[PDB]
Amino acid sequence: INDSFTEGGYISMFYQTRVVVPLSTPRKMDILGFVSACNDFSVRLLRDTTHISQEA
Amino acid sequence: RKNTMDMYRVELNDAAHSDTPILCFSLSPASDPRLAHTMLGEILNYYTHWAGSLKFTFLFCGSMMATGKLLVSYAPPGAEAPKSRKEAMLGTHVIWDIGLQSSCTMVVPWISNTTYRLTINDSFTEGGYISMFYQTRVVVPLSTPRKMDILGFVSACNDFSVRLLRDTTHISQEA
Amino acid sequence: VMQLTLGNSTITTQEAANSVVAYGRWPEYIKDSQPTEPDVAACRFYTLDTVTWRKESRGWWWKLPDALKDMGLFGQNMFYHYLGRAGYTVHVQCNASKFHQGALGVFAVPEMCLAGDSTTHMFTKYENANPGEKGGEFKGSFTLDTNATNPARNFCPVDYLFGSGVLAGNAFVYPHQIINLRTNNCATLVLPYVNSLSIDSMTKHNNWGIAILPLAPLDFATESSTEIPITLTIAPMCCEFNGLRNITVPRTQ
Amino acid sequence: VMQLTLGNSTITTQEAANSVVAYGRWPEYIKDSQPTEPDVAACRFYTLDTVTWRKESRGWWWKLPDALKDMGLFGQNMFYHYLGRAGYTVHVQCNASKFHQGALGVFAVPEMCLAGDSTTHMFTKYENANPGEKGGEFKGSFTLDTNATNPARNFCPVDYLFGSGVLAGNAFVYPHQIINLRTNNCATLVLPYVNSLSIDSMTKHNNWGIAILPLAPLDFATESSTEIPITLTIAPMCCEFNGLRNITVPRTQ
Amino acid sequence: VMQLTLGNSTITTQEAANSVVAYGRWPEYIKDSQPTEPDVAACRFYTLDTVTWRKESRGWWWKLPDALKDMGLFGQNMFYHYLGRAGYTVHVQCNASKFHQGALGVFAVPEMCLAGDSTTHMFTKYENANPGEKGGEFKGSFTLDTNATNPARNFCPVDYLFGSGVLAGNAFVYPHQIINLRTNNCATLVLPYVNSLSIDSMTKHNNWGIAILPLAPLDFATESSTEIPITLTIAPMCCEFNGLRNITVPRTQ
Amino acid sequence: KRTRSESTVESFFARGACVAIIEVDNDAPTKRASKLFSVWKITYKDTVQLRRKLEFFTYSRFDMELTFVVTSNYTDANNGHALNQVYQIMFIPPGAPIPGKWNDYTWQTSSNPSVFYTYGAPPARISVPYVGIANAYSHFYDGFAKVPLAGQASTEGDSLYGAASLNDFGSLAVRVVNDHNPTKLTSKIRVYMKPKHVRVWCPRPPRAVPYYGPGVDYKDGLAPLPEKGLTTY
Amino acid sequence: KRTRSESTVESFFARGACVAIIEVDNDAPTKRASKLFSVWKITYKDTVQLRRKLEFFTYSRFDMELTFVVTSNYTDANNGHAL
Amino acid sequence: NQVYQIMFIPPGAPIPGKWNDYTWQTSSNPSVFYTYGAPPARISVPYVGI
Ligand SMILES: CCCCCCCCCCCCC/C=C/[C@H](O)[C@H](N)CO
Ligand SMILES: CCCCCCCCCCCCC/C=C/[C@H](O)[C@H](N)CO
């Protein structure tokens with residue numbers, strides 16, 4: 001949950017020099033991000049999710 | 001012929017060869033009216049799931065002089081039901097040579113997409129179809145009957161099994 | 001080719017269909033786990049009344065040991081001894097030529113109970129439920145006896161109901177034989193003693209029933225009518241009788 | 001008594017005449033001295049059109065593997081693969097009673113070339129030389145096609161010439177069977193693959209021919225006319241197909 | 001550098017990205033714990049219709065073994081045999097130069113169920129849920145079919161919902177490959193047979209779905225428009241067919 | 001710190017969840033507006049928690065425990081109190097008779113499994129093994145029960161996408177076996193499903209949009225992602 | 001696929017089935033229209049499920065378990081509650 | 001007779017808003033059902049401190 005007690009820090013992405021492209025090359029390029037768990041990842045205290053709903 | 005003895009007989013004649021089927025039914029022992037009332041069907045009606053092969057036997061009740069050749073074919077599920085001998089001969093079939101054997105037995109292989117079949121009418125567990133056609137004709141000499149009846153029988157094989165016992169649909173009680 | 005030799009009687013045929021032993025067991029005497037044993041004197045073949053098979057025939061039924069009540073020493077011992085036990089050997093003969101058509105189904109039914117013809121439940125009398133050597137006939141439909149003043153008190157068997165409210169097609173569950181006129185003109189059955197008691201009365205209880213049904217219609221060449229004699233010959237086996245007493249005379253009519 | 005079980009098909013008969021293996025060899029796969037093998041999927045019995053035997057019948061002829069061009073997977077593989085090889089199992093059924101008369105001669109002819117009906121040599125077209133499942137018929141005499149504008153371009157078989165200018169009496173040199181209505185109502189033949197090549201095209205070349213001739217006239221009792229169905233059931237054996245390519249669609253009409 | 005040799009077909013490439021075997025298992029025949037095996041005759045690569053990748057492309061989807069219904073022997077066996085089983089080898093080719101931009105995501109989805117376009121639940125017909133070799137397309141938004149008189153009864157896939165109400169980002173849970181135009185112009189997938197039954201009907205049930213999504217926009221140099229062909233070549237593996245019967249002809253239109 | 005004992009398939013799925021509520025009434029039969037007995041088709045798709053949990057994988061195998069939590073109440077407070085209620089829950093497998101009346105022959109339970117509950121007792125619990133005709137339960141079916149064929153009439157051969165072949169797992173019929181109370185009473189039974197020995201195959205992505213029907217169809221609410229700045233923490 | 005564990009005689013017959021319903025009344029003895037006690041002759045032929053199952057065979061042997069499911073109700077709602 | 005439901009809501013789990021809303025389905029939230037008159041319900045929980 002959102003709480004300052006267990007802040008995980010921040011992740012930021014910056015330029016180092018620049019993106020360099022020659023003539024007749026696209027000047028707008030997209031990058032894709034992915035997230036995965038490591039071998040030491042674990043969870044506990046099973047609970048209901050907050051992204052589920054039902055009428056009535 | 002319903003609800004009398006005549007329903008237990010299938011008629012044959014000495015007419016010229018024709019591709020029109022002699023007999024047709026669907027492999028739904030627990031749902032087909034012709035098979036639901038047999039012992040196999042009655043036992044299956046007590047269970048929800050069943051599996052295994054079956055034996056279908058046909059006995060010729062004509063005269064000794066009568067001879068002929070007949071075809072008994074099984075069309076597997078998922079195909080249009082056979083409408084003529086030409087489509088019937090595309091699948092498993094047996095030849096009844098009336099004149100050498102008075103009875104012929106055919107074994108229905110367990111061709112299924114599921115481990116067990118249901119005892120209700122549903123397209124999910126279709127068992128295919130069974131059809132009977134003429135091969136050449138029924139041949140009889142002079143002074144011999146020209147209308148002869150055959151008898152059909154159904155039985156379970158050694159691999160037959162049932163599960164999920166349930167109440168039958170052929171039982172009722174007042175109040 | 002079959003030869004049935006028993007007691008002082010012998011039946012030889014060349015148009016048989018082997019034989020079936022009901023439940024896989026031959027008749028046997030009671031094991032350990034004063035008796036009277038007629039032996040060969042009673043264990044012999046007796047011929048019952050020959051019936052006629054026609055196009056309109058619906059079937060015939062006999063009761064055992066009822067059908068043997070008048071067959072000499074067997075019936076005498078049954079009427080002289082309170083309790084008895086014996087198996088049966090049944091032989092059905094139906095002669096036909098190469099131009100004949102039809103088929104008979106012979107069924108050996110334990111506890112062959114038949115539906116009555118009256119509204120009252122189980123209201124058939126003893127004298128009508130025990131026809132004797134003549135057996136009875138099957139009907140094509142159920143007829144209700146409305147003669148309240150003088151009820152017939154007879155059975156009302158229905159061919160397609162087997163006379164007991166069960167589809168005739170399932171009747172093959174019982175030990176059975178098929179006499180097909182194009183393969184065999186006779187059949188044989190071996191029926192061991194069947195009951196919940198080792199011995200039981202030979203007059204109050206019937207052990208077996210023999211049902212002959214026309215599985216296929218009878219026809220001959222191109223003739224408009226034909227008749228086939230059907231003969232039923234029965235022999236008791238392993239006769240045992242107990243409880244000697246005064247002769248029993250069942251009521252008639 | 002014969003039972004032919006192959007693939008997912010079974011033929012049972014009790015009026016057979018044993019069988020003859022052509023040249024004493026059963027069909028076998030090519031020895032060493034990507035292939036496609038349908039196996040049981042194609043090695044099964046298919047029933048061709050039943051023909052009628054009458055008093056005026058002169059005979060029938062079929063070509064193999066031509067007759068199986070439309071029989072499911074076998075024909076599909078033949079039209080999908082350039083080259084192929086397979087033996088044949090032929091079964092001829094001709095039912096008859098004890099009052100019937102006549103006899104059929106079944107001949108398996110390798111390279112069964114038939115004479116044309118036109119003056120021009122070998123002028124028959126492919127569409128008429130490959131009838132398919134329906135085969136063809138024999139004529140009692142040679143008729144010359146004089147339709148110069150629209151020649152028929154069909155074969156003109158002659159029964160007593162066997163359709164190839166050879167006396168029918170010598171036709172027994174080929175592997176043959178005799179179906180005599182008084183002894184057997186069916187016959188079986190086993191034809192191994194015969195050709196000068198290990199494999200050959202399944203559309204350009206025909207490997208075998210089946211000829212059914214009326215060796216004796218058909219008669220029944222004292223009737224003025226009678227008809228007997230004749231059924232021809234054929235099964236491929238040791239199917240092998242090679243050279244996968246686009247489907248071949250032979251021209252018709 | 002990759003070479004895929006199967007049956008009578010071979011695909012050679014020098015711009016591959018190795019390969020991923022779905023669930024770590026290659027296709028295998030059913031173990032013990034009459035079948036028809038076309039073998040190399042069916043286990044070969046077939047090329048499906050080439051699609052065009054544009055700036056506005058939202059994605060494409062194909063169903064297997066639906067896409068192979070018309071591919072020669074494989075489709076013939078599927079329509080001739082009731083039940084079947086086979087794995088798949090999928091090859092996606094997307095050629096591009098050093099001046100091109102974009103990326104494709106190839107996803108192999110078991111039981112790829114797509115949302116319908118109608119208010120009625122699961123109201124899509126068979127003829128629209130089985131496009132065949134041409135597959136289908138993804139939409140950028142959900143459009144509701146209000147044509148009550150003549151409903152389209154087609155699917156309504158949404159690119160960002162993956163067509164099944166699940167965020168496209170999670171679609172990588174399935175076995176997947178990424179074709180990045182700057183590293184590789186093709187990808188390969190090996191999909192073993194997946195189902196709750198050892199064998200299942202080849203016409204009633206679809207085993208796999210192939211989804212091609214534009215993970216990155218397509219661009220080329222400074223041009224205002226560009227098109228890239230995308231080719232999908234699929235080969236069945238370990239073909240097995242069962243229950244031979246009459247040919248099945250699914251309804252169209 | 002890893003342990004991974006609560007993240008197992010058993011731990012994830014071994015939790016009771018309400019799947020259906022069956023409502024019955026105890027009232028005079030002459031009142032056609034009252035339901036003396038109810039029939040509910042067995043399925044987990046009537047809820048969203050267990051449905052979402054199960055749809056994480058395409059195939060599954062497991063045994064099941066059913067729990068029946070029974071509650072009841074009066075429709076009035078001017079008629080004193082009623083007697084203790086007894087409820088009957090009968091299982092109807094495929095092909096078995098469907099009760100038509102509150103006291104017809106189908107309630108004889110000659111061969112249909114049945115559970116009798118007395119109000120106030122601990123909730124009834126039963127266990128059932130794997131009863132799938134196939135080798136594993138399927139939550140998705142990319143196919144049709146019937147495939148239309150060329151030459152067939154337009155009124156035959158039609159079937160819904162996916163249909164239901166493996167999903168025909170019977171129904172439950174709930175009734176009250178006690179005499180009809182003079183005052184109407186309303187009872188509700190909550191059915192809780194608890195899987196055990198759960199094995200799963202073919203993981204699937206989590207559902208993103210609200211469930212609409214047993215299938216994968218959706219109509220609205222297709223915007224689950226909120227707004228957030230690209231360079232905002 | 002055979003198993004044949006649920007097709008055994010025990011499995012087929014080892015199922016509870018209702019055979020009879022005995023009705024009794026708690027009321028003043030002076031009301032001759034009420035039945036204070038009831039007597040039922042033991043038999044399985046009053047029903048059709050178990051009767052049909054049993055008649056599949058002519059002879060049988062078995063032990064029996066009897067279960068008595070009791071329910072009760074009031075004939076009025078203006079007299080509070082009973083004990 | 002009254003029946004009571006006590007549902008555990010761990011951090012981040014939905015908070016019931018209505019008496020018969022979806023949050024009471026107990027898909028993954030531990031729950032205890034009590035029938036009036038029965039012995040008081042008792043449960044055990046281990047150390048759950050982060
Ligand atoms: C009164 C006695 C009640 C007896 C209850 C027995 C019901 C048995 C139902 C079996 C259900 C199997 C579990 C469901 C499997 C998957 O969810 C489906 N294949 C997909 O919907
Ligand atoms: C219906 C099921 C109910 C389940 C109840 C589970 C609740 C678990 C609560 C854990 C509480 C741990 C004990 C408290 C620790 C210390 O007091 C705090 N760290 C200091 O306030």
# chains A, B, ... in the order shown; residues from 1 in each chain; ligands from 1
>>> select_by_dssp(residues="region 20-198 of chain E", states="strand (DSSP E or B)", output="MDAnalysis selection string")
chainID E and resid 20:21 36 46:47 51:53 60:64 81:94 100:110 116 136:137 139 155 158 176:180 186:191
>>> interface_residues(of="chain B", to="chain E", cutoff="9 Å", atoms="only C-alpha atoms", output="PyMOL selection string")
chain B and resi 74-82+87-92+109-115+124
>>> closest_residue(among="D:192, D:229, D:236, D:132", to="residue 92 (chain D)", atoms="only C-alpha atoms")
D:229
>>> residues_near_ligand(ligand="ligand 2", cutoff="12 Å", atoms="only C-alpha atoms and all ligand atoms", output="ChimeraX atom specification")
/A:45-47 /F:16 /H:4-11,24,26,28-34,41-50
>>> write_last_selection(atoms="C-alpha atoms", output="PDB file, in the first residue's frame")
ATOM      1  CA  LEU A  45      -0.341 -12.205   3.874  1.00  0.00           C
ATOM      2  CA  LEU A  46      -2.679 -13.052   0.994  1.00  0.00           C
ATOM      3  CA  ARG A  47      -5.456 -10.479   0.640  1.00  0.00           C
TER       4      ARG A  47
ATOM      5  CA  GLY F  16     -13.125 -20.163   0.643  1.00  0.00           C
TER       6      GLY F  16
ATOM      7  CA  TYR H   4     -22.638 -13.261  11.599  1.00  0.00           C
ATOM      8  CA  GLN H   5     -19.726 -12.862   9.184  1.00  0.00           C
ATOM      9  CA  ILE H   6     -16.347 -11.498  10.305  1.00  0.00           C
ATOM     10  CA  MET H   7     -13.982 -10.771   7.407  1.00  0.00           C
ATOM     11  CA  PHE H   8     -10.301  -9.876   7.709  1.00  0.00           C
ATOM     12  CA  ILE H   9      -9.100  -7.010   5.510  1.00  0.00           C
ATOM     13  CA  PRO H  10      -5.283  -6.886   5.262  1.00  0.00           C
ATOM     14  CA  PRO H  11      -3.523  -3.694   4.146  1.00  0.00           C
ATOM     15  CA  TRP H  24     -18.025  -9.879   1.053  1.00  0.00           C
ATOM     16  CA  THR H  26     -14.265 -13.530   0.455  1.00  0.00           C
ATOM     17  CA  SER H  28      -9.091 -14.385  -0.858  1.00  0.00           C
ATOM     18  CA  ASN H  29      -9.896 -12.556   2.405  1.00  0.00           C
ATOM     19  CA  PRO H  30     -10.031 -14.854   5.463  1.00  0.00           C
ATOM     20  CA  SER H  31     -13.544 -14.998   6.891  1.00  0.00           C
ATOM     21  CA  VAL H  32     -15.267 -16.588   9.889  1.00  0.00           C
ATOM     22  CA  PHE H  33     -18.969 -17.473   9.987  1.00  0.00           C
ATOM     23  CA  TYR H  34     -20.693 -17.696  13.374  1.00  0.00           C
ATOM     24  CA  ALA H  41     -15.403 -18.522  17.492  1.00  0.00           C
ATOM     25  CA  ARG H  42     -11.650 -18.796  18.025  1.00  0.00           C
ATOM     26  CA  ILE H  43      -8.838 -18.363  15.497  1.00  0.00           C
ATOM     27  CA  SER H  44      -5.041 -18.364  15.648  1.00  0.00           C
ATOM     28  CA  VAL H  45      -2.624 -16.130  13.725  1.00  0.00           C
ATOM     29  CA  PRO H  46       1.199 -16.323  13.671  1.00  0.00           C
ATOM     30  CA  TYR H  47       3.702 -13.492  13.798  1.00  0.00           C
ATOM     31  CA  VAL H  48       2.807 -11.187  10.905  1.00  0.00           C
ATOM     32  CA  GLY H  49       5.162  -8.292  11.600  1.00  0.00           C
ATOM     33  CA  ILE H  50       7.158  -6.973   8.660  1.00  0.00           C
TER      34      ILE H  50
END
>>> residues_near_ligand(ligand="ligand 1", cutoff="7 Å", atoms="only C-alpha atoms and all ligand atoms", output="number ranges by chain")
F: 42-44, 64, 89-91, 113-115, 128, 130-132, 137-139, 166-167, 169-170, 172
>>> write_last_selection(atoms="N, CA and C atoms", output="PDB file, in the first residue's frame")
ATOM      1  N   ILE F  42     -24.493 -25.206 -11.399  1.00  0.00           N
ATOM      2  CA  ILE F  42     -23.196 -25.101 -10.743  1.00  0.00           C
ATOM      3  C   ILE F  42     -22.210 -24.407 -11.671  1.00  0.00           C
ATOM      4  N   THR F  43     -21.588 -23.341 -11.176  1.00  0.00           N
ATOM      5  CA  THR F  43     -20.592 -22.605 -11.942  1.00  0.00           C
ATOM      6  C   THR F  43     -19.936 -21.583 -11.027  1.00  0.00           C
ATOM      7  N   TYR F  44     -18.678 -21.268 -11.328  1.00  0.00           N
ATOM      8  CA  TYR F  44     -17.909 -20.294 -10.573  1.00  0.00           C
ATOM      9  C   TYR F  44     -17.911 -18.914 -11.215  1.00  0.00           C
ATOM     10  N   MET F  64     -12.599 -30.397  -4.709  1.00  0.00           N
ATOM     11  CA  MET F  64     -13.410 -29.264  -4.280  1.00  0.00           C
ATOM     12  C   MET F  64     -14.062 -29.576  -2.941  1.00  0.00           C
ATOM     13  N   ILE F  89     -30.673 -30.139   0.126  1.00  0.00           N
ATOM     14  CA  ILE F  89     -29.893 -29.733  -1.037  1.00  0.00           C
ATOM     15  C   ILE F  89     -29.553 -31.002  -1.809  1.00  0.00           C
ATOM     16  N   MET F  90     -30.100 -31.130  -3.013  1.00  0.00           N
ATOM     17  CA  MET F  90     -29.941 -32.320  -3.835  1.00  0.00           C
ATOM     18  C   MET F  90     -29.091 -31.999  -5.056  1.00  0.00           C
ATOM     19  N   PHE F  91     -28.143 -32.884  -5.355  1.00  0.00           N
ATOM     20  CA  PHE F  91     -27.287 -32.741  -6.522  1.00  0.00           C
ATOM     21  C   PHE F  91     -27.934 -33.424  -7.717  1.00  0.00           C
ATOM     22  N   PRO F 113     -27.125 -37.714  -4.884  1.00  0.00           N
ATOM     23  CA  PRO F 113     -26.594 -37.299  -3.583  1.00  0.00           C
ATOM     24  C   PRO F 113     -27.402 -36.143  -3.009  1.00  0.00           C
ATOM     25  N   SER F 114     -27.620 -36.185  -1.696  1.00  0.00           N
ATOM     26  CA  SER F 114     -28.428 -35.176  -1.028  1.00  0.00           C
ATOM     27  C   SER F 114     -27.838 -34.883   0.344  1.00  0.00           C
ATOM     28  N   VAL F 115     -27.998 -33.638   0.785  1.00  0.00           N
ATOM     29  CA  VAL F 115     -27.538 -33.186   2.092  1.00  0.00           C
ATOM     30  C   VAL F 115     -28.720 -32.560   2.818  1.00  0.00           C
ATOM     31  N   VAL F 128     -15.777 -33.240  -2.995  1.00  0.00           N
ATOM     32  CA  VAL F 128     -15.979 -33.897  -4.281  1.00  0.00           C
ATOM     33  C   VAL F 128     -14.626 -34.003  -4.971  1.00  0.00           C
ATOM     34  N   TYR F 130     -12.056 -34.794  -8.484  1.00  0.00           N
ATOM     35  CA  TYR F 130     -12.044 -34.363  -9.874  1.00  0.00           C
ATOM     36  C   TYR F 130     -13.073 -35.148 -10.673  1.00  0.00           C
ATOM     37  N   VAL F 131     -14.006 -34.432 -11.297  1.00  0.00           N
ATOM     38  CA  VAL F 131     -15.113 -35.063 -12.012  1.00  0.00           C
ATOM     39  C   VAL F 131     -15.153 -34.565 -13.450  1.00  0.00           C
ATOM     40  N   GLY F 132     -14.007 -34.128 -13.967  1.00  0.00           N
ATOM     41  CA  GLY F 132     -13.943 -33.670 -15.344  1.00  0.00           C
ATOM     42  C   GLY F 132     -13.790 -34.835 -16.312  1.00  0.00           C
ATOM     43  N   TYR F 137      -9.409 -29.627 -16.090  1.00  0.00           N
ATOM     44  CA  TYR F 137     -10.456 -28.629 -16.256  1.00  0.00           C
ATOM     45  C   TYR F 137      -9.978 -27.513 -17.172  1.00  0.00           C
ATOM     46  N   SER F 138     -10.869 -27.057 -18.048  1.00  0.00           N
ATOM     47  CA  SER F 138     -10.571 -25.990 -18.992  1.00  0.00           C
ATOM     48  C   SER F 138     -11.428 -24.771 -18.682  1.00  0.00           C
ATOM     49  N   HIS F 139     -10.770 -23.632 -18.464  1.00  0.00           N
ATOM     50  CA  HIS F 139     -11.456 -22.372 -18.224  1.00  0.00           C
ATOM     51  C   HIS F 139     -11.742 -21.599 -19.505  1.00  0.00           C
ATOM     52  N   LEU F 166     -17.462 -29.384 -21.427  1.00  0.00           N
ATOM     53  CA  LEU F 166     -16.811 -29.787 -20.185  1.00  0.00           C
ATOM     54  C   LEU F 166     -17.414 -29.067 -18.985  1.00  0.00           C
ATOM     55  N   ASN F 167     -18.214 -28.031 -19.232  1.00  0.00           N
ATOM     56  CA  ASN F 167     -18.775 -27.214 -18.161  1.00  0.00           C
ATOM     57  C   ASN F 167     -20.107 -27.745 -17.639  1.00  0.00           C
ATOM     58  N   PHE F 169     -21.570 -29.656 -15.365  1.00  0.00           N
ATOM     59  CA  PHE F 169     -21.219 -30.324 -14.119  1.00  0.00           C
ATOM     60  C   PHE F 169     -22.395 -30.462 -13.159  1.00  0.00           C
ATOM     61  N   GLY F 170     -23.627 -30.393 -13.648  1.00  0.00           N
ATOM     62  CA  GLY F 170     -24.785 -30.608 -12.801  1.00  0.00           C
ATOM     63  C   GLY F 170     -25.314 -29.331 -12.187  1.00  0.00           C
ATOM     64  N   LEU F 172     -27.763 -27.802  -8.467  1.00  0.00           N
ATOM     65  CA  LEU F 172     -28.178 -28.009  -7.087  1.00  0.00           C
ATOM     66  C   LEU F 172     -29.609 -27.523  -6.902  1.00  0.00           C
TER      67      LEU F 172
END
